[PDB]
Amino acid sequence: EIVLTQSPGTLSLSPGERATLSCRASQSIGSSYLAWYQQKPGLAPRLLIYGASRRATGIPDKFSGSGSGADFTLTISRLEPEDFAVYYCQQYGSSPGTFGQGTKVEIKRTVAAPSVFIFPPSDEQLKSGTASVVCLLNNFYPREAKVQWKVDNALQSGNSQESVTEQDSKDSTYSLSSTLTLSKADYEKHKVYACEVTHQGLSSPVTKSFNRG
Amino acid sequence: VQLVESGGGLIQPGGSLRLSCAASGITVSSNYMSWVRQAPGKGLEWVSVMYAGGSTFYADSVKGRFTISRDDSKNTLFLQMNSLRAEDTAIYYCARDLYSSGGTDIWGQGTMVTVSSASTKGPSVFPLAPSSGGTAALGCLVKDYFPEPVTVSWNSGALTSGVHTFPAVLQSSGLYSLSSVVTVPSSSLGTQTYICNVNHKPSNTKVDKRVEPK
């Protein structure tokens, strides 16, 4: 069968630069049988180019395709944050055709410190018997960050979990949630709840806290 | 020119499900039409095509279990999926292909198919409000649901700037949890109400939670 291999797997470039994406077929397929697609987060794929180099209706010239035989290239010029997407090649020399595995195009930016917020558990959840405490790290870059939870100035272990968004399509930053979960009984045993954040963009770690009640 | 899909949902392994793709502005029977699916970590997988004349072709991964068909009078394309497997969990798209005359230019909106024997659980929604720099954050915690996905909006979709909805995490219980947050001016907190709207189609639930400062 025909297999398409895209390279690189991921590309991280600054706005204004040109991205060069490659697609190699395991046998010659011909330019007439290759197309390129963009898929942004949460959206359906969008046709960019067909026949290796023909732009689809309404597609701007920043997207350009070239190549022949088994080797094809897509260039994306004048990159912008909104170009963050996975780009796929497709061949339709077989029925059905096949897609490449995709190249993720990440838009680089400069270091940005997180804005940090802490949320107490809701009275509703507490009445039910559990306390979830949430620390938000908002709009930062790069992705690496350390969150430490302190309860009455005692470092916590084993009771927290993190989730991080993909890069934002407008400003290329990340956000992160850290959720500390305690039983109601344990929560009511302590007063001061704090999250302390370390990140490249902070001159010193930032702590946000609240007092129970 | 649009393709509108329906029929997705949760189904147990070994079960069957039929997806529909109702076309407007193109005639299904005059076109190559396809189903393409997107599973976690599996990119796009082109699973079936039907030629204008009705010949059908399948990816090996679905051959013998899936059947593409069409109803010309309803101008609708179908995917009948039998003997479903966990590996078939994905967003399914229908699409119109032009092959060398134009690529795959028209895509449906996608419908989620989840193949699982685990029990369905609607989410619990709790407000994230500061205990209270000029900016405030508010949010909602969406706890212990199954299967994915939930859809979270703010103020019925009217508030989108500054919203971040985190990927769900699968807990040791087998249920998922996530939070959604938004940042707003601190000076706006006494001038209006912020509401998060959480929809979970598998449990047929729609929750609206006011997020009031404490």
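The sequence lines fix the lettering, A, B, ..., with proteins before strands; numbering per chain opens at 1. We use all heavy atoms of the structure for the numbers below, so side chains are in, but hydrogens, waters and symmetry mates are not.
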Fill in: Ring center gap for A/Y141 and A/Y174 short of 6.0 angstrom
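Yes - the distance between ring centres of A/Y141 and A/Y174 falls below the 6.0 Å cut-off.
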Worksheet item: Would you say the ring centroid of A/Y50 lies under 6.0 angstrom from that of B/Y99?
Response: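 So the answer is no for these two rings.
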For [X], which atoms come within 4.5 Å of any heavy atom of chain B: side chain, backbone, both, or neither?
X: A/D123; answer: neither
X: A/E1; answer: side chain
X: A/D168; answer: side chain
X: A/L43; answer: backbone

Can you say whether [X] sits under 4.5 Å from chain A via the side chain, the backbone, both, or neither, judging by heavy atoms?
X: B/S101; result: backbone
X: B/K42; result: neither
X: B/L138; result: backbone
X: B/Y58; result: backbone
X: B/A95; result: neither
X: B/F166; result: both
X: B/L128; result: both
X: B/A129; result: backbone
X: B/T183; result: side chain

Worksheet item: Do we get B/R18 above B/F78's six-membered ring, with its NZ or CZ under 6.0 Å from the centre and within 45° of the axis?
Response: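 Yes, a cation-pi geometry.
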Can a donor-acceptor pair be found between the side chains of [X] and [Y] at a distance below 3.5 Å?
X: A/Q156; Y: A/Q148; value: no
X: A/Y33; Y: A/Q91; value: no
X: B/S203; Y: B/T205; value: yes
X: B/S180; Y: B/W154; value: yes
X: B/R65; Y: B/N82; value: no
X: A/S115; Y: A/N138; value: no
X: A/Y92; Y: B/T104; value: no
X: A/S132; Y: A/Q125; value: yes
X: B/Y92; Y: B/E5; value: no

Look at [options] and state which one has the largest set of heavy-atom pairs under 4.5 Å with chain B.
options: A/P120, A/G93, A/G51, A/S95; value: A/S95
options: A/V86, A/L136, A/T98; value: A/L136
options: A/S122, A/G97, A/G102; value: A/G97
options: A/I118, A/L176, A/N211; value: A/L176
options: A/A35, A/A44, A/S32, A/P121; value: A/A44
options: A/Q39, A/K208, A/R46; value: A/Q39

Chain A contacts, top residue of [options] (heavy-atom pairs, under 4.5 Å):
options: B/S48, B/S179, B/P130; result: B/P130
options: B/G108, B/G102, B/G43; result: B/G102
options: B/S177, B/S131, B/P167; result: B/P167
options: B/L98, B/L141, B/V49, B/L44; result: B/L44

Discussion item. For a side chain to side chain donor-acceptor pair (under 3.5 Å) check, start with the C-alpha distance between B/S34 and B/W46, then their side-chain angles and the critical distance, and finish with the verdict.
Written reply: CA-CA 7 Å; B/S34 287; B/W46 187 349; 2.8 Å; yes
Discussion item. A quick test of your reading: do over 12 heavy atoms of other residues, nucleotides or ligands sit less than 6.0 Å from NZ of B/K201?
Written reply: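 No, the 6.0 Å shell around NZ holds no more than 12 heavy atoms from other groups.
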